[PDB]
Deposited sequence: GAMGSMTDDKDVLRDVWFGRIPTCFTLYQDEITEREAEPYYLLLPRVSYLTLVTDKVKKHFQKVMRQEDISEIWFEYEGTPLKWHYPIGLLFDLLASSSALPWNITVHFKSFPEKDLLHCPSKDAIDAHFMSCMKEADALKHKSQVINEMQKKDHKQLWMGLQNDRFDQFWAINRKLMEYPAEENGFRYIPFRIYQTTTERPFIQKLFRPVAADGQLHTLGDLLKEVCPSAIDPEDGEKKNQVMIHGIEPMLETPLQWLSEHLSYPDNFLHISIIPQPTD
């Protein structure tokens, strides 16, 4: 199973960053091509983009940077993979993202905080995830130095360094035979619509393990015409939920599941 973790982690998304046309440039501006980590956040991967376009604009021209796809702004705290699966799966590669330096929508999009604060959203997501899995038991026993290693493991794309700590977060007491609750979030047609996150257990009353279909039957019976997409694949609805929470989660220990129609 360790092979799945590695190809989930090292997943990529070819992306084309084109400067929004409205923007004025001293000299001509090239698109920046790049492979974004599905598990990372737009917050981390874009100083290389900000720096690329830094050259062609005077200080007066430059403002806070933000990203759009097809008119809709991109949330800084949704994982890059999840954003793509939900919003751009049907379109043609590479992922065409528009880069702005003007007209930030203060009404519809959170600000890009210090890189410090995406780290905040990451750790709160892990904390919430751990609360469902363990009654918050494990992440409260880690040294602070471990929280910054989880973060810097995600940040520097070092797999084994990250999963050095994260493995403990995936373990459970033998008698329980699975997590208490599974940390998951379901997304429907757009980012703006509120995601679903309820309580649900990976082991039944009988002792048999619950599947993906059980989660969907219980939490979202509209996915049973529709496509269920996790990290760019459609796992069989007969897939045990506990295994999915263990292997197909994003680094924030959550199962970001997309519901999208065909084709």
Taking the deposited sequence from residue 1, the uncovered stretches are 1-8, 233-239, 279-280
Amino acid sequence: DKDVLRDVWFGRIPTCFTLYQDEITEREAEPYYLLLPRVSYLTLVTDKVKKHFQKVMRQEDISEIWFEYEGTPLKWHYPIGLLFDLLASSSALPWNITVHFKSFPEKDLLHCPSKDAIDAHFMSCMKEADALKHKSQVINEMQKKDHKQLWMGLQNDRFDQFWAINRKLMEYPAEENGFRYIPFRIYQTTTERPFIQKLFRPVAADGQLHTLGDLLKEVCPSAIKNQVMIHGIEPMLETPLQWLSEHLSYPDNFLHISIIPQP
From here on, numbers count along this sequence of modelled residues.
Looking only at CA atoms, which has the higher mean B factor in the entry: 80-88 or 129-137?
129-137
On average, which has the higher Cα B-factor in the deposited entry, 205-213 or 45-53?
205-213
Highest recorded Cα temperature factor - choice among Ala174, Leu150, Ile186, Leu110:
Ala174
By the entry's C-alpha temperature factors, tell me which of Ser124, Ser114, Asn156, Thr72 sits highest.
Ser114
Check where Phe179 lands among this chain's C-alpha B-factors and tell me if it's the lowest, middle or highest third.
highest
Sorting the chain's modelled residues by C-alpha B-factor and splitting them into thirds places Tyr20 in the middle
The third of the chain into which the C-alpha temperature factor of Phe67 falls is the lowest
Could you tell me which third, lowest, middle or highest, the C-alpha B-factor of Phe195 occupies within its chain?
middle
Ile118: which third of its chain by C-alpha temperature factor?
highest
